[PDB]
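Participant: Please read through the structure below; I'll follow up with questions.
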Amino acid sequence: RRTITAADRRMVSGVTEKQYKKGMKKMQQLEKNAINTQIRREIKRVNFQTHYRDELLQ
Amino acid sequence: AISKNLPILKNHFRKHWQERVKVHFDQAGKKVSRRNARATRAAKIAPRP
Amino acid sequence: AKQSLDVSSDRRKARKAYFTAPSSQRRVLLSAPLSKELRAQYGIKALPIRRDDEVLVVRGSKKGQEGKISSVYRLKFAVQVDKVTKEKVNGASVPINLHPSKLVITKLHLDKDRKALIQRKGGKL
Amino acid sequence: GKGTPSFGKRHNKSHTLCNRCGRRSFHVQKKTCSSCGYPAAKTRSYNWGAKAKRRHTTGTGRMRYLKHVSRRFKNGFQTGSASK
Amino acid sequence: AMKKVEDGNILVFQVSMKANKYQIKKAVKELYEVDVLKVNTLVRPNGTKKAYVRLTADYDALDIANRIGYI
Amino acid sequence: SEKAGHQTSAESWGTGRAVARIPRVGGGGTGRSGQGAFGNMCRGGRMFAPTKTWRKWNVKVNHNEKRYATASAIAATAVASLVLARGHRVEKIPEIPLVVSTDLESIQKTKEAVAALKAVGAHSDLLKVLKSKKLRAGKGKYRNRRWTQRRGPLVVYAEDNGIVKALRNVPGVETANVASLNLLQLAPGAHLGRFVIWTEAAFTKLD
Amino acid sequence: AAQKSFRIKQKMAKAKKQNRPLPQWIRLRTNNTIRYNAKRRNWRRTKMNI
Amino acid sequence: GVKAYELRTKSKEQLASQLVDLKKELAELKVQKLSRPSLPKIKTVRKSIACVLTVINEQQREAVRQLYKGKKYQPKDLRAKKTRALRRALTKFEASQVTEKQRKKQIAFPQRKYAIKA
RNA sequence: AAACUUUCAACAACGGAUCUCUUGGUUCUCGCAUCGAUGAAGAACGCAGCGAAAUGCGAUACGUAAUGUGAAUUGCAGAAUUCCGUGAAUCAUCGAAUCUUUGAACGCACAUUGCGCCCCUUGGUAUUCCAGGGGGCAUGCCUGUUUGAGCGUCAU
RNA sequence: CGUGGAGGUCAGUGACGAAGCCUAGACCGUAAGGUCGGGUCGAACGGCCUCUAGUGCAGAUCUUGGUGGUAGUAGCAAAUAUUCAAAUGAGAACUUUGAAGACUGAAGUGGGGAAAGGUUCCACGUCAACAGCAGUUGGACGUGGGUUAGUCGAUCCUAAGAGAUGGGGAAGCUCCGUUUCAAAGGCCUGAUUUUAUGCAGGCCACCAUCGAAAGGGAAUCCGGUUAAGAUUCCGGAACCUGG
RNA sequence: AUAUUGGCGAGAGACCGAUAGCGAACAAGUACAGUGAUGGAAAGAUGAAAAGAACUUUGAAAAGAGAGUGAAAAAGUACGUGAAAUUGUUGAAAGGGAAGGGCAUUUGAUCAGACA
Ligand SMILES: [Zn+2]
């Protein structure tokens, strides 16, 4: 006897599985849209080592 | 420096004078406070000066 | 104009006080005028709006339509009217989010604690 | 190597959680939080850590009791049943 | 857990974290009117506590689980 | 704020690299690490010569210059060429140093005051005001200066009984005593000329 | 580790109950500005230092 | 539901029984919440329990008050919680004390009130 | 001659400036004086019919009581004329309560959900062992009480 | 000349479309710049007299943001090695099963554990992103389940050491010191329960506390069982401590 | 009488107007880094109202095309307008180891005013 599933809880509380799938995919889209910006605005000042030793004298 | 024919002028701003500045914007905002205080006191002591 | 010192002429403060008003102050912002018959009968001009009040619309695309209130959505500052709806593309219907200032009360959901309000405001039965 | 090889050996802590500020500052060999010296009764707060005071001073929490004091003063620190 | 009710005479409960295997014994004795011989507690990883109580023979757990209303 | 642009802890890295010598944030794991700071050029930085409060806002003027100007601005009210040239509609006025009766000082209703001013011919200069209500331009209309009107006449009493409250509400019209007369009412925008409506008591006290 | 303490198992449980997405019914409310869960965490990317 | 102004008319043992016959209900509804997706009836029971316990405690506190009337020292829980400073500060009587010299001076030469005109 | 390269325009793209807006900031002024051993500030954990946060709250857990207004909440479900009423509400006010583990932090201790002692009570054959429940056990200092120490010292 | 705001004024323009933007389309001025038409767009904006300033950029190895040629290029080459058929699937060099060939070769590419990590374990569904190729797979996405102890460990002991008290220093944050220069404490009867201890009643001067999941240490083994737990559950047979 | 960048409540500004103004207009002392002290961001706007694209059809699906809502999808949650760098398609033109620019005119395009 299992008269409950998470799909059934969210069905009772509004969202259908179609709404769930679509809204999930949008929330996945936005995370990547932001990760793009964090990888974009970082490559400049990420290789700015404080104490590089430069293995070249002779 | 010393550049031209100008007066020797003594100006005491070698300390951190910018902290110890007081601009009196309160002049009129507190003139009225004094007036109100006089007016209140005068009713507390209603016949007395 | 204003002559006190405890009331503000500040756009910022006023709009904040609107869009963060509680549900108990919003009751009075969501007020509506009475029809010219109830102005003559009850002796007042306006009242706060309440469910189960009949109403008429005077301004909008749905002008002339009359109904009665089904829900005062005093989070959207709105009010919904029976016999005033719109058919969504699905075939279904969704009601219209009116605003009370563009309404006119024709019949009143009278009750104790509204007869009293009318009485204190200088009204009649 | 002083870098990449010698960063493999970093597997034993020196700081643990403090009971007073909840963050990993409780030193274990000397038993003294580096953000609010826990066995000491006084919280660390230096006037040069003017940003650090913002992060840990009043307002930054719930203010369980304190935020009703201004309400209770406005009314006169009063008592008893309200009214009818 | 609904296997261990039929296989053994074992009931699985969720209990407060401040409970100590004696309180549980006496609570079961009080609420469900049974006898207990063994309690095994663990702390789940969601910060709750789980209690496997084993009832004496002369007490079947299915009867008690139906009487409670969860089989 | 005096602490703007200085809440940051930053120091230059120096010569030896391919970047400038501007102060730069240190640390990692966020976008600010490496960013420039403390300068006028820098985003997040301060400004050039931050504006202080010990600037001269209010200015002293000599009492006799003030009075010279007030008398000139009073004398200009009697000149119709300046009044007309300043934006006042007084083409249908009998006599310009307009002197109405002192019973205007006893009026207590706006409904009556406005009728009086219409009778003595200010109707056009009130229409001018309430037809000129245009919206402000710029970032001053979310700073409590949304509207702009034109100025109206200036009623100059000597002993107020309700006129200053009656005309309190009508747009444009101001109200003054013969004493306590204001250059910012007589010469607005430094523009000489103003339609003034005197009472006979005021006119007699002006001597 | 395995031989751990309750003070840490507590804080791991909290992080387990926090490691979920956002409920889709939050996005349907009226004056909503929450698009996603911006405080998410997984063991690969960000270690919680405890 | 359950209501305070109905419960105040009830006694200690009745309320103690109402608690139990509510907690049983809550224990049942916490089972039904498993085999069903939503149970909002549960909230009324939680708030009912609270409304019961509140009344019980308030009765018991009033009892100890009536026990400690007139007795000079009553418990800290029952004493008024003004601020620490206002509990440490001086009493209205202790502060309005005077030396005999000063009260004699006050009764002899008080601040008369007066005015300036013939 | 095409392709290619370059210049301009149209349309579409990358990107998010400008324009308009602004429940925010900053500065000035006015008034007020209100933390804590009656256990503060801060922290940890937890709580919702469906919430990870923020906000609120504490096992009475997005809250109970009281007072006021007087019919909502609303994303969904679920309740409902209880709506001419002791009365809805993520309302307002707030004077009664609760207020987990903590923390100046107070039995000892704490990288431990570690180890005790006292009183009352319940159960187990039980002043002695075990368990449960309730209430207590810090230090310095003051006033007073009680018991004492000292050929310091008086009298008999 | 131009810019952001302020005071006046044109009873100024404007949803019949303000501002902004584009325009090898026009006009004016030496020029700064202004003006017009068209397209786009959608709500406020200008001219004149004056005031005021956070007022005009090609640069500063300027700051922030974004973007290019390089360039579909360098390159994705350590760790002996992959192949056939079928199934699933929209789709298979890479998934699964079977068949073959091979490797690690017991100081292992095995089986388990300490630190540390934190649910990565297991199942169902799923592949937008990640797995620098791919992907029907996955330590990924989503939803859930899952860790059972009288005997294993902590807990207890002390080590190197840390650290209160009494005290002494110190402007003070606090430092020394851990038995010191302290009035530092509890255990059994006649009294046979008045349990008070009048006597009894003697017995060192010891004198916090923390400090090891590898040291010291009270006690357990077999078999079976799960999707994922077991010296922990089930069956059976035993042991220790305290009463 | 005096002081007051803190706290509580209020009123205002020739101030800033989202690279500005507090670091923070938004779940900001947040995410994140670091053993730790400490450091410390970015991120606002659909539309009046979700009416947030029913239904058909190609595709394994995302999606596309129609249809529809709307005042307007030249507003489709990657949404106010939507610049430039940079890029694609179309059109015009040119081009023997650079291109661009000044004076002068031809040729092509385009504008003109029409003195109508
Ligand atoms: Zn701490």
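Residues are named by chain letter and number: chains run A, B, ... in the order of the structure tokens, numbers start at 1 in each chain, and ligands are numbered from 1 in the order shown.
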Would you name the residues within 7 Å of ligand 1, counting only C-alpha atoms (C1' of nucleotides) and all ligand atoms, and put them as a compact mmCIF listing (two decimals) with N, CA and C atoms, in the first residue's frame?

Facilitator:
```
# COMPACT_ATOMS: atom_id res chain seq x y z
N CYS D 18 33.47 26.59 16.88
CA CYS D 18 33.32 27.27 18.18
C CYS D 18 31.85 27.14 18.59
N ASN D 19 31.57 27.05 19.88
CA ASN D 19 30.21 26.98 20.37
C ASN D 19 29.53 28.34 20.44
N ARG D 20 30.36 29.38 20.45
CA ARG D 20 29.95 30.79 20.62
C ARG D 20 29.68 31.48 19.28
N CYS D 21 30.40 31.14 18.21
CA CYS D 21 30.18 31.85 16.93
C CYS D 21 29.86 30.85 15.81
N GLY D 22 30.00 29.57 16.10
CA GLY D 22 29.57 28.52 15.22
C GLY D 22 30.44 28.26 14.02
N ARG D 23 31.56 28.95 13.89
CA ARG D 23 32.40 28.86 12.71
C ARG D 23 33.74 28.24 13.04
N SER D 25 36.84 28.33 13.77
CA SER D 25 37.93 29.11 14.31
C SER D 25 38.48 28.55 15.60
N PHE D 26 37.84 27.57 16.22
CA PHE D 26 38.32 27.05 17.48
C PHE D 26 39.59 26.27 17.25
N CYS D 33 39.15 30.45 20.16
CA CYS D 33 38.57 30.84 18.87
C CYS D 33 39.26 32.12 18.41
N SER D 34 39.65 32.19 17.14
CA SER D 34 40.31 33.32 16.55
C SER D 34 39.36 34.39 16.05
N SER D 35 38.06 34.23 16.27
CA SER D 35 37.08 35.26 15.98
C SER D 35 36.35 35.75 17.21
N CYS D 36 36.26 34.97 18.27
CA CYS D 36 35.64 35.49 19.52
C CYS D 36 36.10 34.56 20.63
N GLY D 37 37.27 34.85 21.21
CA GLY D 37 37.99 34.01 22.15
C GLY D 37 37.05 33.38 23.14
N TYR D 38 36.76 32.11 22.93
CA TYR D 38 35.56 31.53 23.50
C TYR D 38 35.69 31.38 25.01
```

Participant: If you run DSSP on the backbone, which residues of chain D are strand (DSSP E or B), as a list in words?

Facilitator: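 The residues of chain D classed as strand (DSSP E or B) are residues 15, 16, 17, 24, 25, 26, 27 and 33 of chain D.
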
Participant: Filtering to N, CA and C atoms, could you give me those residues as a PDB file, in the first residue's frame?

Facilitator:
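Okay, this is what ended up in selection_19.pdb:
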```pdb
ATOM      1  N   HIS D  15      41.717  23.907  13.171  1.00  0.00           N
ATOM      2  CA  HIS D  15      40.571  24.657  13.642  1.00  0.00           C
ATOM      3  C   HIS D  15      39.321  23.803  13.587  1.00  0.00           C
ATOM      4  N   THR D  16      38.491  23.951  14.606  1.00  0.00           N
ATOM      5  CA  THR D  16      37.178  23.339  14.657  1.00  0.00           C
ATOM      6  C   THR D  16      36.117  24.373  14.981  1.00  0.00           C
ATOM      7  N   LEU D  17      34.882  23.926  15.092  1.00  0.00           N
ATOM      8  CA  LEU D  17      33.758  24.803  15.322  1.00  0.00           C
ATOM      9  C   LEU D  17      33.734  25.292  16.758  1.00  0.00           C
ATOM     10  N   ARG D  24      34.401  27.761  11.988  1.00  0.00           N
ATOM     11  CA  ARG D  24      35.671  27.068  12.130  1.00  0.00           C
ATOM     12  C   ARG D  24      36.745  28.074  12.488  1.00  0.00           C
ATOM     13  N   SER D  25      36.838  28.333  13.770  1.00  0.00           N
ATOM     14  CA  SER D  25      37.926  29.109  14.314  1.00  0.00           C
ATOM     15  C   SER D  25      38.484  28.549  15.604  1.00  0.00           C
ATOM     16  N   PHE D  26      37.837  27.575  16.217  1.00  0.00           N
ATOM     17  CA  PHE D  26      38.319  27.050  17.475  1.00  0.00           C
ATOM     18  C   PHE D  26      39.593  26.269  17.245  1.00  0.00           C
ATOM     19  N   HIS D  27      40.713  26.902  17.533  1.00  0.00           N
ATOM     20  CA  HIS D  27      41.978  26.204  17.576  1.00  0.00           C
ATOM     21  C   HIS D  27      41.920  25.086  18.594  1.00  0.00           C
ATOM     22  N   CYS D  33      39.151  30.446  20.164  1.00  0.00           N
ATOM     23  CA  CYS D  33      38.572  30.837  18.867  1.00  0.00           C
ATOM     24  C   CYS D  33      39.256  32.123  18.410  1.00  0.00           C
TER      25      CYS D  33
END
```

Participant: Could the residues of chain J that have an atom at most 10 Å from chain F be listed as CSV, each with its closest atom pair and the distance in Å to one decimal, counting only C-alpha atoms (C1' of nucleotides) and ordered by chain and ascending residue number?

Facilitator:
```
residue,atom,partner,partner_atom,distance
J:4,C1',F:138,CA,9.0
J:5,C1',F:140,CA,7.5
J:6,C1',F:140,CA,9.4
J:7,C1',F:189,CA,4.7
J:8,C1',F:189,CA,4.3
J:9,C1',F:87,CA,6.4
J:10,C1',F:87,CA,9.0
J:11,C1',F:128,CA,4.2
J:12,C1',F:132,CA,9.6
J:44,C1',F:137,CA,7.8
J:45,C1',F:137,CA,6.4
J:46,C1',F:137,CA,8.9
J:49,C1',F:191,CA,8.0
J:50,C1',F:189,CA,6.9
J:51,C1',F:189,CA,8.8
J:54,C1',F:47,CA,7.5
J:60,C1',F:20,CA,9.5
J:61,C1',F:19,CA,5.6
J:62,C1',F:41,CA,7.1
J:63,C1',F:42,CA,4.1
J:64,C1',F:43,CA,5.9
```

Participant: Give me, as JSON lines, each residue of chain B that comes within 10 Å of chain H, together with its shortest interatomic pair and the distance in Å at one decimal, counting only C-alpha atoms, with rows ordered by chain and rising residue number.

Facilitator:
```
{"residue": "B:45", "atom": "CA", "partner": "H:113", "partner_atom": "CA", "distance": 7.9}
{"residue": "B:46", "atom": "CA", "partner": "H:113", "partner_atom": "CA", "distance": 8.9}
{"residue": "B:47", "atom": "CA", "partner": "H:115", "partner_atom": "CA", "distance": 5.5}
{"residue": "B:48", "atom": "CA", "partner": "H:115", "partner_atom": "CA", "distance": 5.4}
{"residue": "B:49", "atom": "CA", "partner": "H:115", "partner_atom": "CA", "distance": 7.2}
```

Participant: Show me which bits of chain B are within 12 Å of chain K, counting only C-alpha atoms (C1' of nucleotides), as a PyMOL selection string.

Facilitator: chain B and resi 19+22+30+33-34+37-38

Participant: For residue 69 of chain F, list every protein, DNA or RNA residue within 12 Å, evaluated using only C-alpha atoms (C1' of nucleotides), and leave out those in the same chain fewer than 2 positions away; present the list as a list in words.

Facilitator: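 The residues that qualify are residues 61, 62, 63, 64, 65, 66, 67, 71, 72, 73, 74, 75, 76, 181, 182, 183, 184, 186, 187, 190, 191 and 192 of chain F.
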
Participant: Show me, as a ChimeraX atom specification, every residue of chain G with an atom at most 9 Å from chain I, counting only C-alpha atoms (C1' of nucleotides).

Facilitator: /G:5-7,10-11,14,17-23,25-30,37-40

Participant: Check every residue of chain H for an atom within 9 Å of chain D, counting only C-alpha atoms, and provide those that qualify as a PyMOL selection string.

Facilitator: chain H and resi 80-83

Participant: Can you check which residues of chain J have any atom within 12 Å of chain E? Use only C-alpha atoms (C1' of nucleotides) and format it as a PDB file with N, CA, C and O atoms (P, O5', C5', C4', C3', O3' and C1' of nucleotides), in the first residue's frame.

Facilitator:
```pdb
ATOM      1  P     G J 118      32.679  18.064   2.879  1.00  0.00           P
ATOM      2  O5'   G J 118      31.476  17.045   2.792  1.00  0.00           O
ATOM      3  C5'   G J 118      31.080  16.605   1.512  1.00  0.00           C
ATOM      4  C4'   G J 118      30.169  15.409   1.533  1.00  0.00           C
ATOM      5  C3'   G J 118      28.740  15.657   1.986  1.00  0.00           C
ATOM      6  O3'   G J 118      27.859  14.909   1.169  1.00  0.00           O
ATOM      7  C1'   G J 118      29.689  13.941   3.268  1.00  0.00           C
ATOM      8  P     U J 119      26.310  15.291   1.056  1.00  0.00           P
ATOM      9  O5'   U J 119      25.653  13.946   0.541  1.00  0.00           O
ATOM     10  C5'   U J 119      26.293  13.191  -0.470  1.00  0.00           C
ATOM     11  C4'   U J 119      25.769  11.795  -0.546  1.00  0.00           C
ATOM     12  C3'   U J 119      24.253  11.680  -0.541  1.00  0.00           C
ATOM     13  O3'   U J 119      23.830  10.631  -1.407  1.00  0.00           O
ATOM     14  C1'   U J 119      25.143  10.433   1.231  1.00  0.00           C
ATOM     15  P     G J 145      12.184   8.330   1.944  1.00  0.00           P
ATOM     16  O5'   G J 145      12.941   6.946   1.773  1.00  0.00           O
ATOM     17  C5'   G J 145      12.200   5.767   1.537  1.00  0.00           C
ATOM     18  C4'   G J 145      13.091   4.575   1.305  1.00  0.00           C
ATOM     19  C3'   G J 145      14.048   4.231   2.425  1.00  0.00           C
ATOM     20  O3'   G J 145      13.464   3.496   3.477  1.00  0.00           O
ATOM     21  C1'   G J 145      15.217   4.257   0.399  1.00  0.00           C
ATOM     22  P     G J 146      14.101   3.596   4.943  1.00  0.00           P
ATOM     23  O5'   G J 146      15.643   3.300   4.709  1.00  0.00           O
ATOM     24  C5'   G J 146      16.085   1.964   4.641  1.00  0.00           C
ATOM     25  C4'   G J 146      17.557   1.836   4.361  1.00  0.00           C
ATOM     26  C3'   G J 146      18.503   2.256   5.462  1.00  0.00           C
ATOM     27  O3'   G J 146      18.631   1.303   6.498  1.00  0.00           O
ATOM     28  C1'   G J 146      19.232   3.169   3.445  1.00  0.00           C
ATOM     29  P     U J 147      18.607   1.767   8.033  1.00  0.00           P
ATOM     30  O5'   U J 147      20.139   1.915   8.399  1.00  0.00           O
ATOM     31  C5'   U J 147      20.962   0.770   8.337  1.00  0.00           C
ATOM     32  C4'   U J 147      22.383   1.031   8.759  1.00  0.00           C
ATOM     33  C3'   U J 147      22.578   1.576  10.172  1.00  0.00           C
ATOM     34  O3'   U J 147      23.776   1.052  10.730  1.00  0.00           O
ATOM     35  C1'   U J 147      23.597   3.000   8.654  1.00  0.00           C
ATOM     36  P     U J 148      23.783  -0.350  11.498  1.00  0.00           P
ATOM     37  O5'   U J 148      22.533  -0.274  12.469  1.00  0.00           O
ATOM     38  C5'   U J 148      22.540   0.625  13.558  1.00  0.00           C
ATOM     39  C4'   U J 148      21.465   0.320  14.570  1.00  0.00           C
ATOM     40  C3'   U J 148      21.791  -0.778  15.572  1.00  0.00           C
ATOM     41  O3'   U J 148      21.141  -0.512  16.813  1.00  0.00           O
ATOM     42  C1'   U J 148      19.888  -1.383  14.377  1.00  0.00           C
ATOM     43  P     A J 149      21.953   0.064  18.074  1.00  0.00           P
ATOM     44  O5'   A J 149      22.830  -1.167  18.549  1.00  0.00           O
ATOM     45  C5'   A J 149      22.201  -2.270  19.171  1.00  0.00           C
ATOM     46  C4'   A J 149      23.177  -3.301  19.676  1.00  0.00           C
ATOM     47  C3'   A J 149      23.845  -2.964  20.991  1.00  0.00           C
ATOM     48  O3'   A J 149      24.200  -4.179  21.652  1.00  0.00           O
ATOM     49  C1'   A J 149      25.483  -3.152  19.366  1.00  0.00           C
ATOM     50  P     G J 150      23.146  -4.957  22.584  1.00  0.00           P
ATOM     51  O5'   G J 150      23.697  -4.722  24.043  1.00  0.00           O
ATOM     52  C5'   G J 150      23.957  -3.410  24.486  1.00  0.00           C
ATOM     53  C4'   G J 150      24.896  -3.408  25.656  1.00  0.00           C
ATOM     54  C3'   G J 150      26.254  -4.037  25.411  1.00  0.00           C
ATOM     55  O3'   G J 150      27.192  -3.119  24.892  1.00  0.00           O
ATOM     56  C1'   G J 150      25.301  -4.904  27.390  1.00  0.00           C
ATOM     57  P     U J 225      21.929 -16.698   2.782  1.00  0.00           P
ATOM     58  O5'   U J 225      21.066 -15.490   3.335  1.00  0.00           O
ATOM     59  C5'   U J 225      19.677 -15.651   3.527  1.00  0.00           C
ATOM     60  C4'   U J 225      19.044 -14.430   4.142  1.00  0.00           C
ATOM     61  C3'   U J 225      19.168 -13.141   3.360  1.00  0.00           C
ATOM     62  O3'   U J 225      18.222 -13.041   2.319  1.00  0.00           O
ATOM     63  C1'   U J 225      19.687 -12.745   5.619  1.00  0.00           C
ATOM     64  P     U J 226      18.649 -12.425   0.908  1.00  0.00           P
ATOM     65  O5'   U J 226      18.666 -10.868   1.183  1.00  0.00           O
ATOM     66  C5'   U J 226      17.518 -10.270   1.741  1.00  0.00           C
ATOM     67  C4'   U J 226      17.618  -8.769   1.824  1.00  0.00           C
ATOM     68  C3'   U J 226      17.831  -8.018   0.524  1.00  0.00           C
ATOM     69  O3'   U J 226      16.634  -7.822  -0.199  1.00  0.00           O
ATOM     70  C1'   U J 226      19.251  -7.159   2.212  1.00  0.00           C
ATOM     71  P     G J 229      25.358  -3.397   2.156  1.00  0.00           P
ATOM     72  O5'   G J 229      24.669  -3.076   3.540  1.00  0.00           O
ATOM     73  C5'   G J 229      24.580  -1.739   3.973  1.00  0.00           C
ATOM     74  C4'   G J 229      24.301  -1.627   5.446  1.00  0.00           C
ATOM     75  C3'   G J 229      25.149  -2.518   6.329  1.00  0.00           C
ATOM     76  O3'   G J 229      26.340  -1.867   6.727  1.00  0.00           O
ATOM     77  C1'   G J 229      22.851  -2.804   6.853  1.00  0.00           C
ATOM     78  P     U J 232      26.852  -9.335  14.310  1.00  0.00           P
ATOM     79  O5'   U J 232      26.197  -8.013  14.882  1.00  0.00           O
ATOM     80  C5'   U J 232      26.068  -7.847  16.281  1.00  0.00           C
ATOM     81  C4'   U J 232      25.197  -6.676  16.651  1.00  0.00           C
ATOM     82  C3'   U J 232      23.844  -6.620  15.961  1.00  0.00           C
ATOM     83  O3'   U J 232      22.836  -6.183  16.863  1.00  0.00           O
ATOM     84  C1'   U J 232      25.051  -4.652  15.505  1.00  0.00           C
ATOM     85  P     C J 233      21.680  -7.203  17.304  1.00  0.00           P
ATOM     86  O5'   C J 233      20.803  -7.381  15.996  1.00  0.00           O
ATOM     87  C5'   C J 233      19.820  -6.423  15.659  1.00  0.00           C
ATOM     88  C4'   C J 233      18.961  -6.866  14.504  1.00  0.00           C
ATOM     89  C3'   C J 233      18.438  -8.284  14.586  1.00  0.00           C
ATOM     90  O3'   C J 233      17.239  -8.372  15.327  1.00  0.00           O
ATOM     91  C1'   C J 233      19.437  -7.932  12.476  1.00  0.00           C
ATOM     92  P     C J 234      17.019  -9.575  16.359  1.00  0.00           P
ATOM     93  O5'   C J 234      16.868 -10.837  15.418  1.00  0.00           O
ATOM     94  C5'   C J 234      15.815 -10.891  14.477  1.00  0.00           C
ATOM     95  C4'   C J 234      15.728 -12.234  13.800  1.00  0.00           C
ATOM     96  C3'   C J 234      16.066 -13.435  14.659  1.00  0.00           C
ATOM     97  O3'   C J 234      15.003 -13.860  15.483  1.00  0.00           O
ATOM     98  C1'   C J 234      17.258 -13.581  12.662  1.00  0.00           C
ATOM     99  P     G J 235      15.324 -14.668  16.826  1.00  0.00           P
ATOM    100  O5'   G J 235      16.046 -15.978  16.308  1.00  0.00           O
ATOM    101  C5'   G J 235      15.305 -16.958  15.615  1.00  0.00           C
ATOM    102  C4'   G J 235      16.125 -18.184  15.331  1.00  0.00           C
ATOM    103  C3'   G J 235      16.889 -18.758  16.503  1.00  0.00           C
ATOM    104  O3'   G J 235      16.094 -19.531  17.382  1.00  0.00           O
ATOM    105  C1'   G J 235      18.320 -18.611  14.662  1.00  0.00           C
TER     106        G J 235
END
```

Participant: Per DSSP on the backbone, filter chain D down to the residues in alpha helix (DSSP H) and report them as an NGL selection string.

Facilitator: :D and (50-56 or 69-74)

Participant: Determine which residues of chain F sit within 12 Å of chain D, taking into account only C-alpha atoms, and present them as a PyMOL selection string.

Facilitator: chain F and resi 3+6-9

Participant: Since we have the selection now, will you write its residues out, keeping C-alpha atoms, as a tab-separated table (two decimals), in the first residue's frame?

Facilitator:
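The result, written out as part-v7.tsv:
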```tsv
chain	number	residue	atom	x	y	z
F	3	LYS	CA	34.18	56.10	4.04
F	6	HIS	CA	37.85	53.16	1.42
F	7	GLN	CA	36.04	50.20	2.95
F	8	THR	CA	38.23	48.11	0.65
F	9	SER	CA	41.55	46.64	1.74
```

Participant: Which neighbours of residue 54 of chain E fall inside 6 Å, counting only C-alpha atoms (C1' of nucleotides), when residues of the same chain fewer than 2 positions from it are skipped, and could you give them as a ChimeraX atom specification?

Facilitator: /E:9-10,38

Participant: Return as a list in words the residues belonging to chain I that are within 7 Å of chain H, counting only C-alpha atoms (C1' of nucleotides).

Facilitator: residues 38, 49, 60, 64, 65, 78 and 97 of chain I

Participant: What are the residues of chain J that have an atom within 10 Å of an atom of chain D, counting only C-alpha atoms (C1' of nucleotides), as a VMD selection string?

Facilitator: chain J and resid 115 to 116 162

Participant: Counting only C-alpha atoms, a student should be able to say which residues of chain A come within 7 Å of chain H; what is the right answer, written as a PyMOL selection string?

Facilitator: chain A and resi 2-4+9

Participant: Counting only C-alpha atoms (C1' of nucleotides), what is within 10 Å of residue 32 of chain K, bar same-chain residues fewer than 2 positions away, as a ChimeraX atom specification?

Facilitator: /F:28-31 /G:46 /K:30,40-41

Participant: Quick check, in Å to one decimal: how far apart do atom CA of residue 62 of chain D and atom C1' of residue 7 of chain K lie?

Facilitator: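 Straight-line distance from atom CA of residue 62 of chain D to atom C1' of residue 7 of chain K works out to 15.9 Å.
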
Participant: Produce a table with one row for each residue of chain C that has an atom at most 10 Å from any atom of chain I, each row naming the nearest atom pair and its distance in Å at one decimal; use only C-alpha atoms (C1' of nucleotides); arrange rows by chain and rising residue number; format as a tab-separated table.

Facilitator:
```
residue	atom	partner	partner_atom	distance
C:12	CA	I:23	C1'	7.2
C:13	CA	I:23	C1'	7.9
C:14	CA	I:23	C1'	9.0
C:15	CA	I:23	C1'	6.4
C:16	CA	I:23	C1'	4.2
C:17	CA	I:23	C1'	7.8
C:18	CA	I:23	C1'	8.5
C:19	CA	I:23	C1'	6.6
C:20	CA	I:23	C1'	7.4
C:22	CA	I:91	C1'	6.3
C:23	CA	I:91	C1'	5.2
C:24	CA	I:91	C1'	5.0
C:25	CA	I:91	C1'	8.3
C:26	CA	I:91	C1'	9.6
C:27	CA	I:91	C1'	9.9
C:50	CA	I:71	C1'	7.9
C:51	CA	I:71	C1'	7.9
C:71	CA	I:72	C1'	9.0
C:72	CA	I:72	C1'	8.5
C:73	CA	I:74	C1'	7.9
C:74	CA	I:72	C1'	9.6
C:75	CA	I:74	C1'	9.0
C:110	CA	I:84	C1'	8.2
C:111	CA	I:84	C1'	5.0
C:112	CA	I:84	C1'	4.7
C:113	CA	I:70	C1'	6.7
C:114	CA	I:70	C1'	8.7
C:115	CA	I:84	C1'	9.2
```

Participant: Need the shell around residue 54 of chain K: protein/DNA/RNA residues with any atom at most 12 Å away, counting only C-alpha atoms (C1' of nucleotides). Skip same-chain ones fewer than 4 positions apart. Format as a ChimeraX atom specification?

Facilitator: /C:87-92 /K:67-69
